[PDB]
Amino acid sequence: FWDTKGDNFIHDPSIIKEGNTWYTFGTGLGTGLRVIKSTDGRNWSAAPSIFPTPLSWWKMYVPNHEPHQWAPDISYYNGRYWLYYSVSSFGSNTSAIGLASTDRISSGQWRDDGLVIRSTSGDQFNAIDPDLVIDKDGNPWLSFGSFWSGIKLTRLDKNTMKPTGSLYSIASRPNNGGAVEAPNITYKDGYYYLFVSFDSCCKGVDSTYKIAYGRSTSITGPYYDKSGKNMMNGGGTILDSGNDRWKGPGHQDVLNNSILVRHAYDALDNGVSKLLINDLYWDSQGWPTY
Ligand SMILES: [Ca+2]
Ligand SMILES: [Ca+2]
């Protein structure tokens with residue numbers, strides 16, 4: 001992989017790259033959303049955090065929300081950067097996905113685009129871990145979810161960048177406690193590739209966190225394994241389960257179909273989650289490999 005050094009602490013990362021500068025958006029350290037920058041991709045340094053003061057309407061839909069926001073997603077589309085983020089409490093269902101936007105990340109000025117989708121105690125999903133994906137035809141979609149019924153997918157309209165239509169279930173894990181979250185979808189050579197994270201995430205060195213993927217000819221279509229197992233029945237070919245140094249990799253994201261970023265727990269540093277970046281390749285069958 002890319003050996004990350006310096007201020008390489010991150011959790012639930014999403015990579016982007018404006019000009020020659022890499023930007024990793026992550027779960028906030030303290031309050032808001034954490035951002036770290038890099039000129040070469042290997043040395044990272046701290047960057048101004050998003051939402052230093054909590055937004056007012058967060059208290060409306062997630063009143064008990066933790067001061068730090070979770071799992072951001074950053075991408076450029078239709079001439080503007082889109083930043084989806086989560087507002088929630090841990091192990092809780094009262095969650096809400098918000099949206100921030102800017103024309104240029106280096107300006108540091110983000111517009112408040114409002115609530116995207118909410119989840120309450122009555123709902124069977126969790127509105128965290130968002131991820132934007134653009135169709136082969138160029139239309140936006142949002143995949144999200146964490147435990148409960150699992151991963152949900154909805155179509156976004158180009159105007160509001162907010163959900164329209166109905167929610168589509170694309171990955172579930174009923175025989176393993178629904179332990180699936182952090183979805184990200186990408187299109188490449190006719191197939192959509194849904195990456196997800198399996199099992200438990202916040203146990204540090206001892207956390208059981210995996211990265212599994214699946215393919216489907218349709219964005220909402222049945223996602224399958226190399227074995228042919230539907231991701232709605234726990235299907236997931238494991239791309240990374242960890243090594244002796246990095247334990248419990250997860251909350252991954254892919255950039256430009258060539259870079260998979262990921263947070264892993266450093267066994268040589270008391271299990272603090274660091275940033276792990278890999279060039280993502282594809283085998284003879286188009287499946288993602290390192
Ligand atoms: Ca994500
Ligand atoms: Ca993404």
# chains A, B, ... in the order shown; residues from 1 in each chain; ligands from 1

call {"tool": "residues_around", "arguments": {"residues": "range 50-56 of chain A", "least_positions_apart": "4", "cutoff": "8 Å", "atoms": "only C-alpha atoms", "output": "CSV table (one decimal) with N, CA, C and O atoms, in the first residue's frame"}}
result
chain,number,residue,atom,x,y,z
A,31,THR,N,-15.2,18.0,17.1
A,31,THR,CA,-16.4,18.5,16.6
A,31,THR,C,-16.3,18.6,15.1
A,31,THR,O,-15.3,18.8,14.5
A,32,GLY,N,-17.5,18.4,14.5
A,32,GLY,CA,-17.6,18.5,13.0
A,32,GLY,C,-17.0,17.4,12.2
A,32,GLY,O,-17.2,16.2,12.6
A,33,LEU,N,-16.2,17.7,11.2
A,33,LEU,CA,-15.7,16.7,10.2
A,33,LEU,C,-14.2,16.9,10.1
A,33,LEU,O,-13.8,18.1,9.9
A,34,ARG,N,-13.4,15.9,10.1
A,34,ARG,CA,-12.0,15.9,10.0
A,34,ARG,C,-11.5,15.9,8.6
A,34,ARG,O,-12.0,15.1,7.7
A,35,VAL,N,-10.6,16.8,8.3
A,35,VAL,CA,-10.0,16.9,6.9
A,35,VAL,C,-8.5,16.9,7.1
A,35,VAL,O,-7.9,17.7,7.9
A,60,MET,N,-32.8,19.4,15.5
A,60,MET,CA,-34.2,19.1,15.1
A,60,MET,C,-34.4,17.6,14.9
A,60,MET,O,-35.4,17.0,15.4
A,67,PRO,N,-21.1,15.5,19.3
A,67,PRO,CA,-20.5,16.7,18.7
A,67,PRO,C,-19.7,16.5,17.4
A,67,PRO,O,-19.8,17.4,16.5
A,110,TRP,N,-18.3,26.3,2.9
A,110,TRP,CA,-19.2,25.3,2.6
A,110,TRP,C,-20.6,25.8,2.8
A,110,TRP,O,-20.9,26.4,3.8

call {"tool": "residues_around", "arguments": {"residues": "residue 75 in chain A", "least_positions_apart": "4", "cutoff": "8 Å", "atoms": "only C-alpha atoms", "output": "VMD selection string"}}
result
chain A and resid 16 81 to 83 132

call {"tool": "residues_near_ligand", "arguments": {"ligand": "ligand 1", "cutoff": "8 Å", "atoms": "only C-alpha atoms and all ligand atoms", "output": "mmCIF file with C-alpha atoms, in the first residue's frame"}}
result
data_model
loop_
_atom_site.group_PDB
_atom_site.id
_atom_site.type_symbol
_atom_site.label_atom_id
_atom_site.label_comp_id
_atom_site.auth_asym_id
_atom_site.auth_seq_id
_atom_site.Cartn_x
_atom_site.Cartn_y
_atom_site.Cartn_z
ATOM 1 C CA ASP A 12 -14.384 6.515 8.028
ATOM 2 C CA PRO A 13 -12.388 8.227 5.248
ATOM 3 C CA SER A 14 -13.405 9.417 1.794
ATOM 4 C CA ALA A 71 -18.536 9.175 7.711
ATOM 5 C CA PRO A 72 -18.310 12.006 5.163
ATOM 6 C CA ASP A 73 -18.417 11.469 1.411
ATOM 7 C CA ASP A 129 -22.486 6.239 6.013
ATOM 8 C CA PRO A 130 -23.648 8.017 2.831
ATOM 9 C CA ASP A 131 -21.985 7.689 -0.551
ATOM 10 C CA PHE A 144 -26.183 4.352 2.785
ATOM 11 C CA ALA A 182 -20.137 1.898 4.926
ATOM 12 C CA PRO A 183 -21.279 1.204 1.345
ATOM 13 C CA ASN A 184 -19.748 2.717 -1.758
ATOM 14 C CA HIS A 251 -15.167 2.054 5.896
ATOM 15 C CA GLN A 252 -13.484 2.095 2.497
ATOM 16 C CA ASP A 253 -14.066 4.306 -0.523
#

call {"tool": "select_by_dssp", "arguments": {"residues": "range 16-112 of chain A", "states": "strand (DSSP E)", "output": "PyMOL selection string"}}
result
chain A and resi 16-18+21-27+33-38+43-50+70-76+81-87+95-102+111-112

call {"tool": "write_last_selection", "arguments": {"atoms": "N, CA and C atoms", "output": "tab-separated table (two decimals), in the first residue's frame"}}
result
chain	number	residue	atom	x	y	z
A	16	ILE	N	-10.57	12.51	-2.00
A	16	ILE	CA	-10.79	13.37	-3.15
A	16	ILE	C	-9.45	14.04	-3.45
A	17	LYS	N	-9.38	14.75	-4.57
A	17	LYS	CA	-8.11	15.28	-5.05
A	17	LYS	C	-8.40	16.47	-5.94
A	18	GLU	N	-8.12	17.67	-5.45
A	18	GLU	CA	-8.33	18.91	-6.18
A	18	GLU	C	-6.97	19.50	-6.55
A	21	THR	N	-3.44	18.44	-4.84
A	21	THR	CA	-3.60	18.24	-3.40
A	21	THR	C	-4.64	17.16	-3.13
A	22	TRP	N	-4.24	16.15	-2.37
A	22	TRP	CA	-5.18	15.14	-1.90
A	22	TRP	C	-5.91	15.65	-0.67
A	23	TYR	N	-7.20	15.31	-0.57
A	23	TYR	CA	-8.00	15.64	0.61
A	23	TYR	C	-8.73	14.39	1.07
A	24	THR	N	-8.51	14.01	2.32
A	24	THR	CA	-9.25	12.92	2.95
A	24	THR	C	-10.22	13.52	3.96
A	25	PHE	N	-11.51	13.33	3.71
A	25	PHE	CA	-12.55	13.70	4.66
A	25	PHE	C	-12.84	12.52	5.57
A	26	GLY	N	-12.95	12.78	6.87
A	26	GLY	CA	-13.16	11.72	7.83
A	26	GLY	C	-14.08	12.16	8.95
A	27	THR	N	-14.42	11.20	9.81
A	27	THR	CA	-15.19	11.49	11.00
A	27	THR	C	-14.45	12.52	11.85
A	33	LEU	N	-16.24	17.70	11.16
A	33	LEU	CA	-15.69	16.71	10.24
A	33	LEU	C	-14.20	16.94	10.07
A	34	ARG	N	-13.43	15.86	10.08
A	34	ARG	CA	-11.98	15.93	10.01
A	34	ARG	C	-11.51	15.92	8.56
A	35	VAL	N	-10.56	16.81	8.26
A	35	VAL	CA	-9.96	16.91	6.93
A	35	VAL	C	-8.45	16.93	7.08
A	36	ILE	N	-7.76	16.12	6.29
A	36	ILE	CA	-6.31	16.14	6.23
A	36	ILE	C	-5.89	16.19	4.77
A	37	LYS	N	-4.77	16.86	4.51
A	37	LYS	CA	-4.31	17.15	3.16
A	37	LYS	C	-2.95	16.51	2.92
A	38	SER	N	-2.60	16.40	1.63
A	38	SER	CA	-1.33	15.80	1.25
A	38	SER	C	-0.94	16.27	-0.14
A	43	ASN	N	2.51	11.87	2.84
A	43	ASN	CA	2.64	12.73	4.02
A	43	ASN	C	1.37	13.56	4.17
A	44	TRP	N	0.68	13.38	5.29
A	44	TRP	CA	-0.58	14.07	5.53
A	44	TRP	C	-0.45	15.04	6.69
A	45	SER	N	-1.19	16.15	6.60
A	45	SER	CA	-1.17	17.18	7.62
A	45	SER	C	-2.60	17.64	7.87
A	46	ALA	N	-2.82	18.22	9.04
A	46	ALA	CA	-4.16	18.64	9.43
A	46	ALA	C	-4.66	19.77	8.54
A	47	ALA	N	-5.97	19.84	8.38
A	47	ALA	CA	-6.65	20.85	7.59
A	47	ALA	C	-7.85	21.36	8.37
A	48	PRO	N	-8.36	22.55	8.03
A	48	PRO	CA	-9.50	23.09	8.77
A	48	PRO	C	-10.68	22.13	8.76
A	49	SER	N	-11.27	21.94	9.94
A	49	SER	CA	-12.39	21.03	10.08
A	49	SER	C	-13.67	21.65	9.53
A	50	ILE	N	-14.57	20.80	9.05
A	50	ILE	CA	-15.87	21.23	8.57
A	50	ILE	C	-16.82	21.29	9.75
A	70	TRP	N	-20.01	11.98	11.51
A	70	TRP	CA	-19.40	10.74	11.06
A	70	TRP	C	-19.43	10.62	9.55
A	71	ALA	N	-18.53	9.77	9.05
A	71	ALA	CA	-18.54	9.17	7.71
A	71	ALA	C	-18.90	10.16	6.61
A	72	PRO	N	-18.03	11.10	6.27
A	72	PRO	CA	-18.31	12.01	5.16
A	72	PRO	C	-18.01	11.35	3.82
A	73	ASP	N	-18.66	11.88	2.79
A	73	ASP	CA	-18.42	11.47	1.41
A	73	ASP	C	-18.23	12.72	0.56
A	74	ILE	N	-17.11	12.78	-0.15
A	74	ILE	CA	-16.74	13.94	-0.95
A	74	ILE	C	-16.59	13.52	-2.40
A	75	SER	N	-17.14	14.33	-3.31
A	75	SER	CA	-17.01	14.06	-4.73
A	75	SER	C	-17.37	15.32	-5.50
A	76	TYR	N	-16.89	15.40	-6.73
A	76	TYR	CA	-17.20	16.49	-7.64
A	76	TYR	C	-18.14	15.97	-8.72
A	81	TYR	N	-18.64	20.48	-5.74
A	81	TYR	CA	-18.31	19.45	-4.77
A	81	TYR	C	-19.49	19.17	-3.86
A	82	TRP	N	-19.75	17.89	-3.61
A	82	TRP	CA	-20.85	17.46	-2.76
A	82	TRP	C	-20.28	16.71	-1.57
A	83	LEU	N	-20.69	17.10	-0.37
A	83	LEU	CA	-20.19	16.54	0.88
A	83	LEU	C	-21.38	16.01	1.69
A	84	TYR	N	-21.61	14.71	1.60
A	84	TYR	CA	-22.61	14.05	2.43
A	84	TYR	C	-21.98	13.65	3.76
A	85	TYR	N	-22.73	13.82	4.84
A	85	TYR	CA	-22.22	13.55	6.18
A	85	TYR	C	-23.36	13.04	7.05
A	86	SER	N	-23.00	12.44	8.18
A	86	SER	CA	-23.96	11.82	9.08
A	86	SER	C	-24.06	12.60	10.38
A	87	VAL	N	-25.25	12.58	10.97
A	87	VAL	CA	-25.52	13.16	12.28
A	87	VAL	C	-26.28	12.10	13.07
A	95	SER	N	-30.81	8.97	13.35
A	95	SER	CA	-29.73	9.48	12.52
A	95	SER	C	-30.29	10.32	11.39
A	96	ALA	N	-29.43	11.15	10.81
A	96	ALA	CA	-29.81	12.02	9.71
A	96	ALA	C	-28.59	12.30	8.86
A	97	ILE	N	-28.74	12.19	7.54
A	97	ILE	CA	-27.68	12.51	6.60
A	97	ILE	C	-27.89	13.92	6.08
A	98	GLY	N	-26.87	14.76	6.23
A	98	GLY	CA	-26.90	16.11	5.71
A	98	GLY	C	-26.07	16.25	4.45
A	99	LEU	N	-26.05	17.47	3.92
A	99	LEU	CA	-25.31	17.74	2.69
A	99	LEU	C	-24.66	19.11	2.78
A	100	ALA	N	-23.36	19.15	2.52
A	100	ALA	CA	-22.61	20.39	2.39
A	100	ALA	C	-22.04	20.46	0.97
A	101	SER	N	-21.80	21.69	0.51
A	101	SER	CA	-21.40	21.89	-0.87
A	101	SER	C	-20.46	23.08	-0.97
A	102	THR	N	-19.59	23.04	-1.98
A	102	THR	CA	-18.71	24.15	-2.30
A	102	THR	C	-18.26	24.01	-3.75
A	111	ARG	N	-21.50	25.49	1.84
A	111	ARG	CA	-22.90	25.87	1.91
A	111	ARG	C	-23.72	24.76	2.57
A	112	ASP	N	-24.71	25.16	3.36
A	112	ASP	CA	-25.57	24.21	4.08
A	112	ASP	C	-26.74	23.82	3.18

call {"tool": "residues_around", "arguments": {"residues": "residue 150 in chain A", "least_positions_apart": "4", "cutoff": "7 Å", "atoms": "only C-alpha atoms", "output": "ChimeraX atom specification"}}
result
/A:125,145-146,171-173,178,180-181

call {"tool": "closest_residue", "arguments": {"among": "A:187, A:2, A:147, A:90", "to": "ligand 2", "atoms": "only C-alpha atoms and all ligand atoms"}}
result
A:187

call {"tool": "decode", "arguments": {"residues": "range 36-56 of chain A", "atoms": "C-alpha atoms", "output": "mmCIF file, in the first residue's frame"}}
result
data_model
loop_
_atom_site.group_PDB
_atom_site.id
_atom_site.type_symbol
_atom_site.label_atom_id
_atom_site.label_comp_id
_atom_site.auth_asym_id
_atom_site.auth_seq_id
_atom_site.Cartn_x
_atom_site.Cartn_y
_atom_site.Cartn_z
ATOM 1 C CA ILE A 36 -6.307 16.136 6.229
ATOM 2 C CA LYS A 37 -4.312 17.154 3.163
ATOM 3 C CA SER A 38 -1.327 15.797 1.252
ATOM 4 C CA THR A 39 0.898 16.930 -1.617
ATOM 5 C CA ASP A 40 2.437 13.529 -2.440
ATOM 6 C CA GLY A 41 -0.177 11.102 -1.078
ATOM 7 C CA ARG A 42 2.184 9.774 1.614
ATOM 8 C CA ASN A 43 2.637 12.725 4.016
ATOM 9 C CA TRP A 44 -0.584 14.068 5.532
ATOM 10 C CA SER A 45 -1.175 17.185 7.618
ATOM 11 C CA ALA A 46 -4.165 18.638 9.430
ATOM 12 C CA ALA A 47 -6.650 20.849 7.588
ATOM 13 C CA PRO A 48 -9.501 23.092 8.772
ATOM 14 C CA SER A 49 -12.393 21.028 10.080
ATOM 15 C CA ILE A 50 -15.872 21.234 8.570
ATOM 16 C CA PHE A 51 -18.658 22.530 10.836
ATOM 17 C CA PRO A 52 -16.587 23.837 13.779
ATOM 18 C CA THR A 53 -19.902 24.828 15.386
ATOM 19 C CA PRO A 54 -22.905 22.480 15.209
ATOM 20 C CA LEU A 55 -25.632 23.272 12.702
ATOM 21 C CA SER A 56 -28.922 24.387 14.231
#
